[PDB]
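We begin with a single chain expressed as structure tokens, specifically the form deposited in one PDB entry.
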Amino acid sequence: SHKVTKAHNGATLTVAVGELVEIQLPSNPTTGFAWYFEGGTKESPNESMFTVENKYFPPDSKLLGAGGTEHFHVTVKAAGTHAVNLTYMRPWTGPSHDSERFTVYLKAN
């Protein structure tokens, strides 16, 4: 779709102020790792620039340890280029060996 996935890591998306941007990333939160902004939160680092809602979708599977998908539904609040910088990590630990990074830039005119 216009869903942003791992394949778009590092990409710049041109967006309208007020447009919901759909980000979907593989996530396995029962490993204790999930996707966070710096500091270990799901919340926008600057609510003035963009707003973020987050939802985790488990696989419809009974396998213990089967990963699902985290959605971040991101709304741009202001004109500018805004970096959405996520890290896959244990939020009580911060970055570790297995951590990964995902960035998208949202350019709003």
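Note that the rigid core is defined as the largest set of C-alphas that superpose within 1.5 Å between two forms. So that there is no doubt, residue numbering starts at 1 and follows the sequence shown.
There is another form of this protein, the form deposited in another entry, and it is not shown here; the text below is about that form.
- Relative to the superposed core, residue 61 undergoes a C-alpha shift of no less than 2 Å between the shown form and the other one.
- With the core held fixed between the shown form and the other one, residue 93 has its Cα displaced by under 2 Å.
- The gap between the Cα atoms of residue 62 and residue 22 is smaller in that other deposited form, by no less than 3 Å, than in this form.
- An increase of at least 3 Å in the separation of the C-alpha atoms of residue 66 and residue 97 is found in that other deposited form, compared with the displayed form.
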